[PDB]
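**Q** Have a look at this one before I ask anything.
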Amino acid sequence: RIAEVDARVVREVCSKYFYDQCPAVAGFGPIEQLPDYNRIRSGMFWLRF
Amino acid sequence: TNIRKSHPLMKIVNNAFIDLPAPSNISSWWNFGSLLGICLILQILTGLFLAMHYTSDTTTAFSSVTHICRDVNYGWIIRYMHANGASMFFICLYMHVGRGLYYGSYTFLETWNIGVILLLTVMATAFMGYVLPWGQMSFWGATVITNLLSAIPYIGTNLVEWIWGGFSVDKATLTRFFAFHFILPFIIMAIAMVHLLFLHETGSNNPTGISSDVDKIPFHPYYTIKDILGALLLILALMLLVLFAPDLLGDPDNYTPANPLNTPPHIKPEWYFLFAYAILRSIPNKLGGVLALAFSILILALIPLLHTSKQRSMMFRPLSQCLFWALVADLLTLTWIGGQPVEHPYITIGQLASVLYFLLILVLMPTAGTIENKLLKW
Amino acid sequence: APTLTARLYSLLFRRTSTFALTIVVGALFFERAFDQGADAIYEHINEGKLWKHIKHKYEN
Amino acid sequence: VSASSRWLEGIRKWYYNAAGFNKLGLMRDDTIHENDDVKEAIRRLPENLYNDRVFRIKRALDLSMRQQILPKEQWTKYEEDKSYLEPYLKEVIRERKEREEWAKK
Amino acid sequence: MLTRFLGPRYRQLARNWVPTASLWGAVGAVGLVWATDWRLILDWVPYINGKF
Ligand code: HEM
Ligand code: HEM
Ligand SMILES: Cc1c(-c2ccc(Cc3ccc(OC(F)(F)F)cc3)cc2)[nH]c2cc(Cl)ccc2c1=O
């Protein structure tokens, strides 16, 4: 199973599961600098791509 | 790591617009300050395209403006946009000032005073613009404002002659008014940069009047989209005026060429100065009238000194709210009176309105503040 | 996938270059469509008044 | 009991209800304008009172954002609103006036 | 003299990024044609051709 992976498969799987997805975020402690949820969400894609 | 936070030029924009912490509960009244940013640029654009077809010669000024209206491709659109943008600018400006007065934003003394300077500069630019068409009202407004400095003792006539560049209003006056009208908006923009700079240090206010460091959100994307919506509504109102009522806020008399001999019997200035024209008509005294006119505008500089309440904003101060709306109604009364002939009973009403205006600003607001301080037991 | 919006997302709106291409093509067609509709409405409201309605009478 | 005191109590209760800061769940001392004296007085508060003040202000700001108010059963009662920032601000003003009096000489 | 960028990794990266560059070029071309109202190209488009 491992030997059959290549760059194309990794790109397709990552584009499926990461790109332009709504994440879940948890923060604990001095987290005043943690970005807003809109900023985290907008960081899940690129305008160049 | 991120170029946005380390580049020399983009860092300023990042700290000014993108990552600025702002309160989460500022209402729509905070949009007007951004709208004044838009309108200014609009007047710089449209006006810059009117200067490519305008000639300041006294014999070929009215004709040049009619050439712009009739011969230039889409020139009527640009002309009437520049004409109504002044009314939009002054509506936004008065809303900005009322917002600052109601919610106690005047405690930022530096920003407040720089804003007073900006208000005076914009008033001068608007007045100098209205002379360039060279109609009846242009001539008889330039005459009156230039003679307004004749009340100063011992130097009045010389200053009047120096501003006129002659013994009367003539070609030299029109040319220098054109030059000043061209150049002054750039100075206004330069001062507005300082208006923003002094506000960057202290942060912004909110309707509650309570410090909002606990609840902050980034400026982008939350107040960029509200800026876009406000700009859209502004464009809607401006285009409604331009396309469905091009001459509602104007005056017919400025469509006749300037006549140095005759004077219309119902002279009046533009709608956004009438209140001053109501004050000056009230006092039957030249120097007293001019001083009252100056003080009615410069009394905003003394507003921070008269604050006597423990609470910053009027959100929790019912008596102050009642007095504020009485002041607004009185300003509307003065604006109504300024458009009427000097005759009975409007003289008495104008005098009473001016007295009420000054009394409300100077006497009653601190008294209400002190009474409210005693009611809350502190 | 059966839904129209799912097809539009999976086909066009995933990438941003395709999003921009869709926007410019939509603007290109929407310009002509809106112009024709507005001109038709304006001509119908003011029928028998515009120059083009009374043009045939005078020019030979 | 005094009739003048009764009228003062009635007027003060009426004005408290009319001011409306209680509808957001705030107390009177939450709404004070913060200057150097008040900043020092707040800096001297203990932990629990400071945290309570922070949470009350935060909830009020959220209600103001959403253009809502609390239900009538959670409004601050006029009689139970006891000032917590009185002695601290009193002592700070006293010290400042002592400094000014020394400076006069 | 940018000879640092001749290797398998850079040709692989170029192969990956070619389609997006082509799409952005197409966006630029279509935008230019739509903005300039260039009749030379637009006269061949079926529904647009009726506007002239
Ligand atoms: C804050 C900026 C400005 C304001 C508030 C303003 C205001 C005005 C007003 C009220 C008028 C009278 C229009 C009328 O009664 O028909 C006017 C006319 C004029 N303005 Fe401005 N203006 C501004 C900036 C500029 C600039 C930057 C220029 C040129 C670079 C310019 C060029 C002109 C010209 C040529 C006229 C006379 C032509 C006409 O009658 O339309 N303006 N302006
Ligand atoms: C062309 C003139 C002006 C421009 C371009 C301008 C622009 C702005 C902008 C962009 C802001 C920040 C956004 C906002 O708070 O809405 C602002 C805030 C402010 N301006 Fe102005 N302004 C002008 C005139 C004035 C005047 C005449 C006054 C007062 C007499 C004034 C007083 C203030 C105050 C007090 C604030 C801060 C409000 C607060 O946060 O409590 N400005 N202005
Ligand atoms: C008082 C008065 C005015 C008038 C003119 C201007 C203002 C406001 C103003 C004030 C100062 C100013 O210059 C400054 F900002 F200081 F540089 C620019 C504008 C207020 C009123 N304008 C009239 C115009 C006609 Cl046509 C006739 C009579 C009147 C009339 O009696």
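Just remember, in the structure tokens the first chain shown is A, the second B, etc., residues are 1-based per chain, and ligands are 1-based in the order shown.
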Quick check: residues of chain A within 12 Å of chain E, only C-alpha atoms, returned as a ChimeraX atom specification.
**A** /A:7-8,11,46-49
**Q** Residues near segment 27-30 of chain C, anyone? I mean within 12 Å using only C-alpha atoms, not counting same-chain ones fewer than 4 positions away, as a list in words.
**A**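 Everything that qualifies: residues 20, 21, 22, 23, 34, 35, 36, 37 and 38 of chain C; 30, 31, 32, 33, 34, 35, 36, 37, 42, 45, 46, 47, 48, 49, 50 and 51 of chain E.
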**Q** If you keep N, CA and C atoms, can you produce a file of those selected residues as a PDB file, in the first residue's frame?
**A**
```pdb
ATOM      1  N   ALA C  20     -12.681  33.468 -11.554  1.00  0.00           N
ATOM      2  CA  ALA C  20     -12.511  34.719 -12.286  1.00  0.00           C
ATOM      3  C   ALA C  20     -12.939  34.580 -13.744  1.00  0.00           C
ATOM      4  N   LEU C  21     -12.601  33.452 -14.378  1.00  0.00           N
ATOM      5  CA  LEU C  21     -13.012  33.225 -15.761  1.00  0.00           C
ATOM      6  C   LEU C  21     -14.532  33.206 -15.882  1.00  0.00           C
ATOM      7  N   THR C  22     -15.197  32.530 -14.945  1.00  0.00           N
ATOM      8  CA  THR C  22     -16.652  32.514 -14.921  1.00  0.00           C
ATOM      9  C   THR C  22     -17.206  33.918 -14.756  1.00  0.00           C
ATOM     10  N   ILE C  23     -16.582  34.722 -13.892  1.00  0.00           N
ATOM     11  CA  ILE C  23     -17.077  36.075 -13.646  1.00  0.00           C
ATOM     12  C   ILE C  23     -16.991  36.915 -14.915  1.00  0.00           C
ATOM     13  N   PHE C  34     -28.734  42.591 -20.333  1.00  0.00           N
ATOM     14  CA  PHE C  34     -29.302  43.707 -19.591  1.00  0.00           C
ATOM     15  C   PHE C  34     -29.559  44.901 -20.497  1.00  0.00           C
ATOM     16  N   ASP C  35     -28.643  45.182 -21.430  1.00  0.00           N
ATOM     17  CA  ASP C  35     -28.838  46.311 -22.332  1.00  0.00           C
ATOM     18  C   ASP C  35     -30.073  46.114 -23.198  1.00  0.00           C
ATOM     19  N   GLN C  36     -30.239  44.914 -23.766  1.00  0.00           N
ATOM     20  CA  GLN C  36     -31.415  44.662 -24.595  1.00  0.00           C
ATOM     21  C   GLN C  36     -32.700  44.762 -23.786  1.00  0.00           C
ATOM     22  N   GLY C  37     -32.717  44.193 -22.579  1.00  0.00           N
ATOM     23  CA  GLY C  37     -33.926  44.262 -21.770  1.00  0.00           C
ATOM     24  C   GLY C  37     -34.297  45.683 -21.391  1.00  0.00           C
ATOM     25  N   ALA C  38     -33.311  46.459 -20.935  1.00  0.00           N
ATOM     26  CA  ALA C  38     -33.578  47.836 -20.536  1.00  0.00           C
ATOM     27  C   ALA C  38     -34.033  48.676 -21.720  1.00  0.00           C
TER      28      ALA C  38
ATOM     29  N   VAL E  30      -9.554  37.416 -21.970  1.00  0.00           N
ATOM     30  CA  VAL E  30     -10.994  37.644 -22.044  1.00  0.00           C
ATOM     31  C   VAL E  30     -11.350  38.989 -21.427  1.00  0.00           C
ATOM     32  N   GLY E  31     -10.697  39.349 -20.319  1.00  0.00           N
ATOM     33  CA  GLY E  31     -10.952  40.643 -19.715  1.00  0.00           C
ATOM     34  C   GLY E  31     -10.575  41.793 -20.626  1.00  0.00           C
ATOM     35  N   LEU E  32      -9.423  41.689 -21.294  1.00  0.00           N
ATOM     36  CA  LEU E  32      -9.012  42.738 -22.220  1.00  0.00           C
ATOM     37  C   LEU E  32     -10.006  42.880 -23.362  1.00  0.00           C
ATOM     38  N   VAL E  33     -10.438  41.755 -23.937  1.00  0.00           N
ATOM     39  CA  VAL E  33     -11.376  41.814 -25.056  1.00  0.00           C
ATOM     40  C   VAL E  33     -12.701  42.417 -24.610  1.00  0.00           C
ATOM     41  N   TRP E  34     -13.183  42.030 -23.429  1.00  0.00           N
ATOM     42  CA  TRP E  34     -14.457  42.557 -22.952  1.00  0.00           C
ATOM     43  C   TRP E  34     -14.358  44.040 -22.619  1.00  0.00           C
ATOM     44  N   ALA E  35     -13.219  44.479 -22.081  1.00  0.00           N
ATOM     45  CA  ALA E  35     -13.081  45.872 -21.676  1.00  0.00           C
ATOM     46  C   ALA E  35     -12.912  46.791 -22.878  1.00  0.00           C
ATOM     47  N   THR E  36     -12.127  46.373 -23.871  1.00  0.00           N
ATOM     48  CA  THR E  36     -11.883  47.218 -25.034  1.00  0.00           C
ATOM     49  C   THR E  36     -12.997  47.161 -26.072  1.00  0.00           C
ATOM     50  N   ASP E  37     -13.918  46.199 -25.980  1.00  0.00           N
ATOM     51  CA  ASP E  37     -14.968  46.014 -26.983  1.00  0.00           C
ATOM     52  C   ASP E  37     -14.354  45.786 -28.364  1.00  0.00           C
ATOM     53  N   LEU E  42     -14.866  39.905 -31.210  1.00  0.00           N
ATOM     54  CA  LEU E  42     -16.240  39.764 -30.745  1.00  0.00           C
ATOM     55  C   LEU E  42     -17.234  39.536 -31.874  1.00  0.00           C
ATOM     56  N   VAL E  45     -18.246  35.803 -32.045  1.00  0.00           N
ATOM     57  CA  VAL E  45     -19.033  35.196 -30.965  1.00  0.00           C
ATOM     58  C   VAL E  45     -20.511  35.258 -31.347  1.00  0.00           C
ATOM     59  N   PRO E  46     -21.299  34.160 -31.212  1.00  0.00           N
ATOM     60  CA  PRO E  46     -22.645  34.160 -31.809  1.00  0.00           C
ATOM     61  C   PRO E  46     -23.625  35.164 -31.216  1.00  0.00           C
ATOM     62  N   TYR E  47     -23.865  35.115 -29.904  1.00  0.00           N
ATOM     63  CA  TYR E  47     -24.884  35.982 -29.322  1.00  0.00           C
ATOM     64  C   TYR E  47     -24.400  37.416 -29.170  1.00  0.00           C
ATOM     65  N   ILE E  48     -23.097  37.613 -28.968  1.00  0.00           N
ATOM     66  CA  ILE E  48     -22.567  38.963 -28.812  1.00  0.00           C
ATOM     67  C   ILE E  48     -22.667  39.730 -30.125  1.00  0.00           C
ATOM     68  N   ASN E  49     -22.508  39.035 -31.258  1.00  0.00           N
ATOM     69  CA  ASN E  49     -22.440  39.672 -32.570  1.00  0.00           C
ATOM     70  C   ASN E  49     -23.668  40.514 -32.892  1.00  0.00           C
ATOM     71  N   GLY E  50     -24.816  40.213 -32.290  1.00  0.00           N
ATOM     72  CA  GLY E  50     -26.018  40.976 -32.559  1.00  0.00           C
ATOM     73  C   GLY E  50     -26.046  42.362 -31.944  1.00  0.00           C
ATOM     74  N   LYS E  51     -25.103  42.692 -31.056  1.00  0.00           N
ATOM     75  CA  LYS E  51     -25.117  44.008 -30.423  1.00  0.00           C
ATOM     76  C   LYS E  51     -24.570  45.113 -31.317  1.00  0.00           C
TER      77      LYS E  51
END
```
**Q** Which residues are near ligand 3 in this structure, taking near to mean any atom at most 6 Å from a ligand atom and counting only C-alpha atoms and all ligand atoms? Format them as a list in words.
**A**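 Those residues are residues 120, 121, 123, 124, 127, 137, 140, 141, 144, 145, 267, 268, 269, 273, 276, 277 and 280 of chain B.
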**Q** Restrict the selected residues to N, CA and C atoms and save them as a PDB file, in the first residue's frame.
**A**
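The resulting file, result.pdb, is reproduced below:
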```
ATOM      1  N   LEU B 120     -13.480  73.757   8.632  1.00  0.00           N
ATOM      2  CA  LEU B 120     -13.290  75.101   8.089  1.00  0.00           C
ATOM      3  C   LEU B 120     -12.712  75.059   6.676  1.00  0.00           C
ATOM      4  N   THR B 121     -11.728  74.187   6.445  1.00  0.00           N
ATOM      5  CA  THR B 121     -11.113  74.098   5.124  1.00  0.00           C
ATOM      6  C   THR B 121     -12.119  73.648   4.071  1.00  0.00           C
ATOM      7  N   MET B 123     -15.374  74.012   4.188  1.00  0.00           N
ATOM      8  CA  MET B 123     -16.310  75.108   3.954  1.00  0.00           C
ATOM      9  C   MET B 123     -15.728  76.128   2.987  1.00  0.00           C
ATOM     10  N   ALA B 124     -14.452  76.477   3.165  1.00  0.00           N
ATOM     11  CA  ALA B 124     -13.817  77.426   2.254  1.00  0.00           C
ATOM     12  C   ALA B 124     -13.770  76.885   0.831  1.00  0.00           C
ATOM     13  N   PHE B 127     -17.228  77.041  -0.768  1.00  0.00           N
ATOM     14  CA  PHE B 127     -17.599  78.397  -1.162  1.00  0.00           C
ATOM     15  C   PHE B 127     -16.831  78.852  -2.396  1.00  0.00           C
ATOM     16  N   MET B 137     -25.697  84.290  -8.464  1.00  0.00           N
ATOM     17  CA  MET B 137     -25.437  83.943  -7.074  1.00  0.00           C
ATOM     18  C   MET B 137     -23.945  83.853  -6.802  1.00  0.00           C
ATOM     19  N   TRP B 140     -22.837  87.568  -6.291  1.00  0.00           N
ATOM     20  CA  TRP B 140     -23.353  88.185  -5.078  1.00  0.00           C
ATOM     21  C   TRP B 140     -23.094  87.365  -3.822  1.00  0.00           C
ATOM     22  N   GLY B 141     -22.446  86.208  -3.936  1.00  0.00           N
ATOM     23  CA  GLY B 141     -21.899  85.524  -2.782  1.00  0.00           C
ATOM     24  C   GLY B 141     -20.442  85.873  -2.571  1.00  0.00           C
ATOM     25  N   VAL B 144     -20.356  89.320  -0.968  1.00  0.00           N
ATOM     26  CA  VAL B 144     -20.745  89.392   0.434  1.00  0.00           C
ATOM     27  C   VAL B 144     -19.660  88.801   1.326  1.00  0.00           C
ATOM     28  N   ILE B 145     -19.093  87.650   0.949  1.00  0.00           N
ATOM     29  CA  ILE B 145     -18.060  87.076   1.812  1.00  0.00           C
ATOM     30  C   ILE B 145     -16.814  87.951   1.813  1.00  0.00           C
ATOM     31  N   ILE B 267     -32.015  86.795  -2.749  1.00  0.00           N
ATOM     32  CA  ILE B 267     -30.698  86.193  -2.611  1.00  0.00           C
ATOM     33  C   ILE B 267     -30.670  85.282  -1.393  1.00  0.00           C
ATOM     34  N   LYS B 268     -29.984  84.148  -1.530  1.00  0.00           N
ATOM     35  CA  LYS B 268     -29.755  83.227  -0.427  1.00  0.00           C
ATOM     36  C   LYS B 268     -28.567  82.348  -0.792  1.00  0.00           C
ATOM     37  N   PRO B 269     -27.796  81.860   0.180  1.00  0.00           N
ATOM     38  CA  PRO B 269     -26.690  80.948  -0.133  1.00  0.00           C
ATOM     39  C   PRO B 269     -27.186  79.511  -0.278  1.00  0.00           C
ATOM     40  N   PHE B 273     -25.228  76.450   4.371  1.00  0.00           N
ATOM     41  CA  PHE B 273     -24.757  77.619   5.099  1.00  0.00           C
ATOM     42  C   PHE B 273     -25.887  78.466   5.666  1.00  0.00           C
ATOM     43  N   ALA B 276     -25.921  79.793   9.322  1.00  0.00           N
ATOM     44  CA  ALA B 276     -25.075  80.953   9.562  1.00  0.00           C
ATOM     45  C   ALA B 276     -25.742  82.210   9.037  1.00  0.00           C
ATOM     46  N   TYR B 277     -26.338  82.119   7.850  1.00  0.00           N
ATOM     47  CA  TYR B 277     -27.085  83.235   7.294  1.00  0.00           C
ATOM     48  C   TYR B 277     -28.294  83.590   8.146  1.00  0.00           C
ATOM     49  N   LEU B 280     -26.438  85.646  11.254  1.00  0.00           N
ATOM     50  CA  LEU B 280     -25.934  86.968  10.902  1.00  0.00           C
ATOM     51  C   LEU B 280     -27.072  87.957  10.696  1.00  0.00           C
TER      52      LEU B 280
END
```
**Q** Residues within 9 Å of segment 37-40 of chain D, please, as a PDB file with N, CA, C and O atoms, in the first residue's frame. Count only C-alpha atoms; anything in the same chain fewer than 6 positions from it doesn't count.
**A**
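What follows is the written file part.pdb:
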```
ATOM      1  N   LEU D  85     -16.617  50.469  43.741  1.00  0.00           N
ATOM      2  CA  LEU D  85     -15.484  51.322  43.410  1.00  0.00           C
ATOM      3  C   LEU D  85     -15.451  52.604  44.233  1.00  0.00           C
ATOM      4  O   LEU D  85     -14.714  53.529  43.885  1.00  0.00           O
ATOM      5  N   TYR D  88     -11.894  52.898  46.843  1.00  0.00           N
ATOM      6  CA  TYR D  88     -10.648  52.992  46.094  1.00  0.00           C
ATOM      7  C   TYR D  88     -10.513  54.358  45.434  1.00  0.00           C
ATOM      8  O   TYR D  88      -9.473  55.021  45.550  1.00  0.00           O
ATOM      9  N   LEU D  89     -11.567  54.803  44.753  1.00  0.00           N
ATOM     10  CA  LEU D  89     -11.529  56.103  44.099  1.00  0.00           C
ATOM     11  C   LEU D  89     -11.436  57.225  45.123  1.00  0.00           C
ATOM     12  O   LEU D  89     -10.758  58.235  44.891  1.00  0.00           O
ATOM     13  N   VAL D  92      -7.816  57.414  46.237  1.00  0.00           N
ATOM     14  CA  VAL D  92      -6.948  57.936  45.184  1.00  0.00           C
ATOM     15  C   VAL D  92      -7.110  59.449  45.058  1.00  0.00           C
ATOM     16  O   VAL D  92      -6.121  60.187  44.932  1.00  0.00           O
ATOM     17  N   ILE D  93      -8.353  59.939  45.101  1.00  0.00           N
ATOM     18  CA  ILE D  93      -8.580  61.381  45.022  1.00  0.00           C
ATOM     19  C   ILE D  93      -7.973  62.081  46.233  1.00  0.00           C
ATOM     20  O   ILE D  93      -7.409  63.177  46.117  1.00  0.00           O
ATOM     21  N   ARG D  96      -4.266  62.407  45.719  1.00  0.00           N
ATOM     22  CA  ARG D  96      -3.952  63.407  44.702  1.00  0.00           C
ATOM     23  C   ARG D  96      -4.100  64.819  45.253  1.00  0.00           C
ATOM     24  O   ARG D  96      -3.263  65.691  44.986  1.00  0.00           O
TER      25      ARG D  96
END
```
**Q** Give the residues of chain D that lie within 6 Å of chain B; count only C-alpha atoms, and format the answer as a list in words.
**A**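 Result: residues 12, 19, 32, 33 and 65 of chain D.
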**Q** Could you list, as an mmCIF file with N, CA and C atoms, in the first residue's frame, all residues that come within 6 Å of ligand 2? Count only C-alpha atoms and all ligand atoms.
**A**
```
data_model
loop_
_atom_site.group_PDB
_atom_site.id
_atom_site.type_symbol
_atom_site.label_atom_id
_atom_site.label_comp_id
_atom_site.auth_asym_id
_atom_site.auth_seq_id
_atom_site.Cartn_x
_atom_site.Cartn_y
_atom_site.Cartn_z
ATOM 1 N N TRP B 30 -20.850 55.105 12.657
ATOM 2 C CA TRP B 30 -19.410 55.114 12.448
ATOM 3 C C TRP B 30 -19.010 54.951 10.985
ATOM 4 N N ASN B 31 -19.955 54.697 10.076
ATOM 5 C CA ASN B 31 -19.599 54.566 8.668
ATOM 6 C C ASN B 31 -19.345 55.910 7.996
ATOM 7 N N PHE B 32 -19.957 56.990 8.495
ATOM 8 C CA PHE B 32 -19.906 58.276 7.799
ATOM 9 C C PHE B 32 -18.480 58.782 7.654
ATOM 10 N N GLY B 33 -17.637 58.527 8.654
ATOM 11 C CA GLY B 33 -16.243 58.922 8.554
ATOM 12 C C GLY B 33 -15.539 58.273 7.382
ATOM 13 N N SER B 34 -15.871 57.014 7.097
ATOM 14 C CA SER B 34 -15.353 56.379 5.890
ATOM 15 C C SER B 34 -15.966 56.994 4.639
ATOM 16 N N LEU B 36 -16.915 60.075 4.131
ATOM 17 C CA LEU B 36 -16.187 61.307 3.848
ATOM 18 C C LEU B 36 -14.860 61.024 3.163
ATOM 19 N N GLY B 37 -14.248 59.874 3.447
ATOM 20 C CA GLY B 37 -13.065 59.482 2.703
ATOM 21 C C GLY B 37 -13.366 59.217 1.241
ATOM 22 N N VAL B 97 -20.209 64.977 12.608
ATOM 23 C CA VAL B 97 -20.075 65.861 13.764
ATOM 24 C C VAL B 97 -21.132 65.545 14.818
ATOM 25 N N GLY B 100 -20.086 62.479 16.697
ATOM 26 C CA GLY B 100 -19.047 62.768 17.670
ATOM 27 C C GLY B 100 -19.583 63.479 18.897
ATOM 28 N N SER B 105 -17.249 61.613 21.677
ATOM 29 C CA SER B 105 -15.968 61.421 21.012
ATOM 30 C C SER B 105 -15.062 62.637 21.107
ATOM 31 N N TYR B 106 -15.554 63.760 21.630
ATOM 32 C CA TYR B 106 -14.744 64.969 21.717
ATOM 33 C C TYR B 106 -13.672 64.899 22.793
ATOM 34 N N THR B 111 -7.757 64.951 17.830
ATOM 35 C CA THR B 111 -8.560 64.573 16.676
ATOM 36 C C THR B 111 -9.732 65.526 16.492
ATOM 37 N N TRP B 112 -10.355 65.947 17.593
ATOM 38 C CA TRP B 112 -11.468 66.886 17.511
ATOM 39 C C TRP B 112 -11.026 68.220 16.916
ATOM 40 N N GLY B 115 -10.242 67.946 13.298
ATOM 41 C CA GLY B 115 -11.496 67.899 12.571
ATOM 42 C C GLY B 115 -12.120 69.269 12.399
ATOM 43 N N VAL B 116 -12.001 70.125 13.412
ATOM 44 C CA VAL B 116 -12.516 71.487 13.279
ATOM 45 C C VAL B 116 -11.779 72.219 12.163
ATOM 46 N N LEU B 118 -10.431 70.779 9.566
ATOM 47 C CA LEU B 118 -10.914 70.188 8.320
ATOM 48 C C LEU B 118 -12.274 70.743 7.931
ATOM 49 N N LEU B 119 -13.147 70.951 8.914
ATOM 50 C CA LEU B 119 -14.462 71.529 8.653
ATOM 51 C C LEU B 119 -14.334 72.916 8.044
ATOM 52 N N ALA B 192 -6.231 65.338 6.598
ATOM 53 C CA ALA B 192 -7.004 64.160 6.974
ATOM 54 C C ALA B 192 -6.097 62.992 7.327
ATOM 55 N N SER B 204 -10.683 53.639 18.849
ATOM 56 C CA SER B 204 -11.989 54.168 18.492
ATOM 57 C C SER B 204 -12.965 54.009 19.650
ATOM 58 N N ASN B 205 -14.060 54.752 19.563
ATOM 59 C CA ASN B 205 -15.114 54.765 20.564
ATOM 60 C C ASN B 205 -16.236 53.822 20.138
#
```
**Q** Check which residues fall inside 7 Å of ligand 1 when counting only C-alpha atoms and all ligand atoms, and print them as a list in words.
**A**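 Answer in the requested format: residues 40, 43, 44, 47, 48, 50, 51, 54, 65, 79, 82, 83, 86, 89, 122, 125, 126, 127, 129, 130, 132, 133, 181, 182, 183 and 185 of chain B.
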**Q** Mind the document's chain letters and residue numbers, and return as number ranges by chain the residues of chain A that DSSP labels alpha helix (DSSP H).
**A** A: 7-17, 37-42
**Q** Save out the residues we just selected, N, CA and C atoms, as a short mmCIF file (atom, residue, chain, number, x, y, z; two decimals), in the first residue's frame.
**A**
```
data_model
loop_
_atom_site.label_atom_id
_atom_site.label_comp_id
_atom_site.auth_asym_id
_atom_site.auth_seq_id
_atom_site.Cartn_x
_atom_site.Cartn_y
_atom_site.Cartn_z
N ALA A 7 3.40 11.59 -5.85
CA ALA A 7 3.03 12.99 -5.66
C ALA A 7 1.60 13.27 -6.09
N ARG A 8 1.16 12.63 -7.18
CA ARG A 8 -0.19 12.86 -7.67
C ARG A 8 -1.24 12.41 -6.66
N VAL A 9 -1.04 11.24 -6.05
CA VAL A 9 -2.00 10.73 -5.09
C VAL A 9 -2.06 11.63 -3.86
N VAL A 10 -0.89 12.08 -3.39
CA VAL A 10 -0.86 12.96 -2.23
C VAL A 10 -1.56 14.27 -2.53
N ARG A 11 -1.32 14.83 -3.72
CA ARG A 11 -1.99 16.07 -4.10
C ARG A 11 -3.50 15.90 -4.13
N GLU A 12 -3.98 14.82 -4.75
CA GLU A 12 -5.42 14.62 -4.85
C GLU A 12 -6.06 14.40 -3.49
N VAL A 13 -5.45 13.57 -2.64
CA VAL A 13 -6.03 13.30 -1.33
C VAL A 13 -6.04 14.56 -0.48
N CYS A 14 -4.93 15.30 -0.47
CA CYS A 14 -4.87 16.53 0.32
C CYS A 14 -5.86 17.57 -0.18
N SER A 15 -6.00 17.70 -1.50
CA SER A 15 -7.00 18.61 -2.05
C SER A 15 -8.40 18.17 -1.66
N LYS A 16 -8.62 16.87 -1.52
CA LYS A 16 -9.94 16.39 -1.12
C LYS A 16 -10.25 16.76 0.32
N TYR A 17 -9.30 16.53 1.23
CA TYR A 17 -9.61 16.58 2.66
C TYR A 17 -9.26 17.89 3.34
N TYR A 37 -12.33 33.41 13.48
CA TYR A 37 -12.67 32.22 12.72
C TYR A 37 -12.76 32.51 11.23
N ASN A 38 -13.18 33.72 10.86
CA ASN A 38 -13.22 34.07 9.44
C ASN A 38 -11.82 34.07 8.84
N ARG A 39 -10.83 34.54 9.60
CA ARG A 39 -9.46 34.56 9.08
C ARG A 39 -8.90 33.15 8.94
N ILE A 40 -9.16 32.29 9.92
CA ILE A 40 -8.73 30.90 9.83
C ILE A 40 -9.40 30.22 8.65
N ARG A 41 -10.69 30.47 8.45
CA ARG A 41 -11.41 29.88 7.33
C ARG A 41 -10.86 30.37 6.00
N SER A 42 -10.59 31.67 5.89
CA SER A 42 -10.06 32.21 4.65
C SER A 42 -8.64 31.75 4.38
#
```
